[PDB]
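Just final.txt here, compact mmCIF, N, CA and C atoms and all ligand atoms:
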```txt
# COMPACT_ATOMS: atom_id res chain seq x y z
N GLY A 277 11.51 -6.93 -3.06
CA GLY A 277 10.16 -6.33 -3.33
C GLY A 277 10.24 -4.99 -4.04
N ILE A 278 9.23 -4.12 -3.81
CA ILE A 278 9.10 -2.80 -4.49
C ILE A 278 8.52 -1.77 -3.52
N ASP A 279 8.84 -0.49 -3.76
CA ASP A 279 8.39 0.67 -2.95
C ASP A 279 7.30 1.42 -3.71
N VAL A 280 6.11 1.56 -3.13
CA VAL A 280 4.97 2.31 -3.74
C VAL A 280 4.74 3.57 -2.94
N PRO A 281 4.78 4.76 -3.57
CA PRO A 281 4.47 6.00 -2.87
C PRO A 281 2.96 6.16 -2.72
N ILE A 282 2.51 6.55 -1.54
CA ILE A 282 1.07 6.75 -1.23
C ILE A 282 0.92 8.16 -0.72
N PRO A 283 0.01 8.98 -1.31
CA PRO A 283 -0.29 10.30 -0.77
C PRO A 283 -0.71 10.18 0.69
N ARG A 284 -0.23 11.07 1.53
CA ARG A 284 -0.44 10.99 3.00
C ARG A 284 -1.95 10.89 3.35
N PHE A 285 -2.81 11.70 2.74
CA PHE A 285 -4.26 11.77 3.07
C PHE A 285 -4.96 10.44 2.71
N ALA A 286 -4.33 9.56 1.91
CA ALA A 286 -4.94 8.28 1.41
C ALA A 286 -4.41 7.05 2.15
N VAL A 287 -3.39 7.22 3.01
CA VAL A 287 -2.75 6.09 3.74
C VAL A 287 -3.82 5.31 4.53
N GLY A 288 -4.77 6.01 5.12
CA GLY A 288 -5.85 5.40 5.90
C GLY A 288 -6.59 4.33 5.16
N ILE A 289 -6.90 4.53 3.86
CA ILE A 289 -7.80 3.57 3.15
C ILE A 289 -6.97 2.44 2.58
N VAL A 290 -5.65 2.63 2.47
CA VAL A 290 -4.73 1.53 2.08
C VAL A 290 -4.57 0.58 3.28
N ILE A 291 -4.43 1.13 4.48
CA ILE A 291 -4.24 0.31 5.71
C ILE A 291 -5.59 -0.26 6.09
N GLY A 292 -6.60 0.59 6.15
CA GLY A 292 -7.98 0.23 6.51
C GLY A 292 -8.16 0.17 8.01
N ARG A 293 -9.37 -0.08 8.44
CA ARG A 293 -9.77 -0.17 9.86
C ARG A 293 -8.96 -1.30 10.52
N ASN A 294 -8.13 -0.97 11.52
CA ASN A 294 -7.31 -1.94 12.28
C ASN A 294 -6.46 -2.77 11.29
N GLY A 295 -6.03 -2.18 10.19
CA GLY A 295 -5.17 -2.80 9.18
C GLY A 295 -5.89 -3.84 8.33
N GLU A 296 -7.23 -3.87 8.31
CA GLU A 296 -8.02 -4.86 7.50
C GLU A 296 -7.62 -4.79 6.00
N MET A 297 -7.42 -3.59 5.45
CA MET A 297 -7.26 -3.50 3.98
C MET A 297 -5.85 -4.00 3.63
N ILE A 298 -4.85 -3.64 4.41
CA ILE A 298 -3.44 -4.07 4.14
C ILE A 298 -3.38 -5.60 4.35
N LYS A 299 -4.18 -6.14 5.27
CA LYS A 299 -4.29 -7.60 5.46
C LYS A 299 -4.92 -8.24 4.20
N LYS A 300 -6.00 -7.70 3.69
CA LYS A 300 -6.66 -8.23 2.47
C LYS A 300 -5.71 -8.15 1.27
N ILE A 301 -4.97 -7.07 1.10
CA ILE A 301 -4.01 -6.94 -0.03
C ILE A 301 -2.90 -7.99 0.13
N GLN A 302 -2.36 -8.13 1.34
CA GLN A 302 -1.32 -9.14 1.64
C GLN A 302 -1.90 -10.50 1.29
N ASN A 303 -3.10 -10.79 1.78
CA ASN A 303 -3.76 -12.12 1.67
C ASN A 303 -4.04 -12.43 0.21
N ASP A 304 -4.57 -11.45 -0.56
CA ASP A 304 -4.98 -11.71 -1.96
C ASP A 304 -3.73 -11.86 -2.85
N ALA A 305 -2.77 -10.95 -2.73
CA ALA A 305 -1.53 -10.93 -3.55
C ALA A 305 -0.51 -11.95 -3.01
N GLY A 306 -0.57 -12.32 -1.74
CA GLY A 306 0.46 -13.14 -1.07
C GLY A 306 1.79 -12.41 -0.90
N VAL A 307 1.79 -11.24 -0.25
CA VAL A 307 2.98 -10.36 -0.03
C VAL A 307 2.96 -9.83 1.42
N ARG A 308 4.06 -9.24 1.84
CA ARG A 308 4.17 -8.46 3.08
C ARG A 308 4.22 -6.98 2.70
N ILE A 309 3.44 -6.15 3.37
CA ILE A 309 3.49 -4.68 3.14
C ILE A 309 3.80 -3.97 4.48
N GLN A 310 4.83 -3.14 4.50
CA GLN A 310 5.17 -2.25 5.63
C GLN A 310 5.40 -0.83 5.10
N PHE A 311 4.98 0.17 5.84
CA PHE A 311 5.33 1.58 5.58
C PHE A 311 6.73 1.87 6.10
N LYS A 312 7.54 2.48 5.27
CA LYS A 312 8.86 2.97 5.68
C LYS A 312 8.63 4.01 6.76
N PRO A 313 9.42 4.05 7.84
CA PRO A 313 9.41 5.21 8.72
C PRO A 313 9.66 6.50 7.91
N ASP A 314 9.02 7.60 8.27
CA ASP A 314 9.39 8.94 7.76
C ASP A 314 9.25 9.94 8.90
N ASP A 315 9.58 11.19 8.67
CA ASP A 315 9.59 12.19 9.76
C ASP A 315 8.18 12.73 10.00
N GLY A 316 7.19 12.31 9.23
CA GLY A 316 5.80 12.75 9.40
C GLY A 316 5.45 13.93 8.49
N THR A 317 6.46 14.62 7.94
CA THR A 317 6.28 15.90 7.19
C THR A 317 5.95 15.62 5.72
N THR A 318 6.36 14.46 5.19
CA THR A 318 6.50 14.23 3.73
C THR A 318 5.11 14.10 3.11
N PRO A 319 4.90 14.63 1.89
CA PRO A 319 3.58 14.58 1.26
C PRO A 319 3.14 13.14 0.89
N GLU A 320 4.10 12.22 0.73
CA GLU A 320 3.82 10.78 0.46
C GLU A 320 4.41 9.92 1.56
N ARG A 321 3.79 8.78 1.83
CA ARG A 321 4.39 7.65 2.58
C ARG A 321 4.77 6.54 1.60
N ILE A 322 5.79 5.75 1.94
CA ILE A 322 6.28 4.65 1.09
C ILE A 322 5.83 3.33 1.70
N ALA A 323 5.00 2.59 0.97
CA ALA A 323 4.62 1.19 1.27
C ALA A 323 5.67 0.24 0.64
N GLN A 324 6.43 -0.44 1.47
CA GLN A 324 7.43 -1.45 1.02
C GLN A 324 6.70 -2.79 0.87
N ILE A 325 6.64 -3.31 -0.36
CA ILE A 325 6.01 -4.60 -0.70
C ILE A 325 7.11 -5.66 -0.89
N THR A 326 7.06 -6.72 -0.10
CA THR A 326 8.05 -7.83 -0.13
C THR A 326 7.40 -9.04 -0.76
N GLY A 327 8.08 -9.63 -1.70
CA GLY A 327 7.70 -10.93 -2.26
C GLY A 327 8.32 -11.09 -3.62
N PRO A 328 7.84 -12.06 -4.40
CA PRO A 328 8.34 -12.27 -5.75
C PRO A 328 7.76 -11.20 -6.68
N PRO A 329 8.41 -10.91 -7.82
CA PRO A 329 8.05 -9.76 -8.63
C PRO A 329 6.57 -9.74 -9.06
N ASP A 330 6.02 -10.88 -9.46
CA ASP A 330 4.63 -10.95 -9.98
C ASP A 330 3.63 -10.55 -8.87
N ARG A 331 3.75 -11.14 -7.69
CA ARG A 331 2.87 -10.85 -6.53
C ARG A 331 2.99 -9.36 -6.16
N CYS A 332 4.20 -8.80 -6.15
CA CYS A 332 4.48 -7.40 -5.77
C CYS A 332 3.77 -6.47 -6.77
N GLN A 333 3.80 -6.81 -8.05
CA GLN A 333 3.16 -6.06 -9.13
C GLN A 333 1.66 -6.09 -8.95
N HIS A 334 1.07 -7.27 -8.65
CA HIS A 334 -0.39 -7.43 -8.37
C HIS A 334 -0.77 -6.54 -7.16
N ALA A 335 0.00 -6.56 -6.07
CA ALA A 335 -0.26 -5.72 -4.87
C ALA A 335 -0.16 -4.26 -5.24
N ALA A 336 0.86 -3.85 -6.03
CA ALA A 336 1.01 -2.46 -6.49
C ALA A 336 -0.22 -2.07 -7.30
N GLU A 337 -0.74 -2.97 -8.14
CA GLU A 337 -1.91 -2.68 -9.01
C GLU A 337 -3.15 -2.52 -8.13
N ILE A 338 -3.32 -3.36 -7.13
CA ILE A 338 -4.48 -3.26 -6.21
C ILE A 338 -4.41 -1.90 -5.50
N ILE A 339 -3.25 -1.54 -4.98
CA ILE A 339 -3.09 -0.24 -4.26
C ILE A 339 -3.39 0.91 -5.24
N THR A 340 -2.83 0.86 -6.45
CA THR A 340 -3.11 1.86 -7.52
C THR A 340 -4.62 1.99 -7.74
N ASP A 341 -5.31 0.87 -7.89
CA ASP A 341 -6.75 0.90 -8.25
C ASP A 341 -7.54 1.52 -7.13
N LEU A 342 -7.20 1.20 -5.87
CA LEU A 342 -7.81 1.86 -4.69
C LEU A 342 -7.65 3.37 -4.83
N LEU A 343 -6.42 3.82 -5.00
CA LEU A 343 -6.10 5.26 -5.05
C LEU A 343 -6.87 5.91 -6.20
N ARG A 344 -6.89 5.29 -7.36
CA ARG A 344 -7.53 5.92 -8.54
C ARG A 344 -9.03 6.01 -8.31
N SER A 345 -9.61 5.05 -7.60
CA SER A 345 -11.07 4.98 -7.38
C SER A 345 -11.54 6.15 -6.48
N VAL A 346 -10.62 6.84 -5.80
CA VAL A 346 -10.92 7.99 -4.92
C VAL A 346 -10.12 9.23 -5.39
N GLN A 347 -9.57 9.22 -6.62
CA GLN A 347 -8.72 10.28 -7.21
C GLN A 347 -7.61 10.75 -6.24
N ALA A 348 -6.77 9.85 -5.78
CA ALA A 348 -5.56 10.22 -5.00
C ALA A 348 -4.35 10.34 -5.94
ZN ZN B 401 -6.26 -2.60 -12.05
```
Would you put the structure from the file into structure tokens?
Ligand SMILES: [Zn+2]
Amino acid sequence: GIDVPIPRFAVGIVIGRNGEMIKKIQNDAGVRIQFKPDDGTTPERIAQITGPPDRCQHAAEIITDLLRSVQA
């Protein structure tokens, strides 16, 4: 898969209420998304996207479009 950096203040809207948004991204793109553990201090969190390259790129694009729509 691929690693997408997410600004810390925006992680909430990528995951969504009770993980609804990360479920919708997984469901629409057909991928698995997990956040890498970090020490909590870092300005970005890393979303690890697992799957074939095309699906991973579609999931990365969906996450990008979310972030851009709120200027993250
Ligand atoms: Zn787009």
Name the closest residue to residue 327 in chain A among the candidates A:299, A:307, A:313, A:344; distances are taken between atoms, counting only C-alpha atoms. A:307
Could you give me, as a ChimeraX atom specification, the residues within 8 Å of residue 348 in chain A, counting all atoms listed in the file and dropping anything in the same chain fewer than 4 positions from it? /A:282-283,285-286,342-344
Residue 284 in chain A environment, 6 Å, only N, CA and C atoms, sequence neighbours closer than 6 positions dropped, as JSON, numbers by chain: {"A": [319, 320, 321]}
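Scanning range 316-347 of chain A with DSSP on the backbone, the strand (DSSP E or B) assignments fall on residues 320, 321, 322, 323, 324, 325 and 326 of chain A.
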Contacts between ligand ZN 401 (chain B) and chain A, please, where a residue of chain A counts if it comes within 7 Å (with only C-alpha atoms and all ligand atoms); show its shortest atom pair and distance in Å to one decimal, rows by chain and ascending number, as JSON lines.
```
{"residue": "A:337", "atom": "CA", "partner": "B:ZN401", "partner_atom": "ZN", "distance": 5.3}
{"residue": "A:338", "atom": "CA", "partner": "B:ZN401", "partner_atom": "ZN", "distance": 6.1}
{"residue": "A:341", "atom": "CA", "partner": "B:ZN401", "partner_atom": "ZN", "distance": 5.2}
```
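Taking atom C of residue 287 in chain A as the reference point, atom C of residue 317 in chain A is found at 14.3 Å.
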Enclose the full set of atoms of range 281-285 of chain A listed in the file within a box whose edges lie along x, y and z, apply 8 Å of padding to each of the six sides, and report centre and edge lengths in Å to one decimal as lines of an AutoDock Vina configuration file.
```
center_x = -0.1
center_y = 8.3
center_z = -0.1
size_x = 25.7
size_y = 23.0
size_z = 22.9
```
Just to confirm, what's the straight-line distance from CA of residue 324 in chain A to CA of residue 298 in chain A in Å (one decimal)? 11.6 Å
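Going from atom C of residue 332 in chain A to CA of residue 301 in chain A covers 10.3 Å.
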Write down as a PyMOL selection string the residues of chain A whose backbone DSSP state falls under alpha helix (DSSP H). chain A and resi 287-291+296-305+329-345
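Once range 278-280 of chain A and its same-chain neighbours fewer than 3 positions away are set aside, residues 322, 323, 324 and 325 of chain A remain within 5 Å of it when counting all atoms listed in the file.
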Residue nearest residue 305 in chain A among A:291, A:281, A:335, A:329 (counting all atoms listed in the file): A:335
Excluding same-chain residues fewer than 2 positions from residue 306 in chain A, what lies within 8 Å of it counting all atoms listed in the file, as a PyMOL selection string? chain A and resi 300-304+308-309+326-328+331-332+334-335
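When all atoms listed in the file are used to compute distances to residue 333 in chain A, the closest of the residues A:277, A:316, A:346, A:292 turns out to be A:277.
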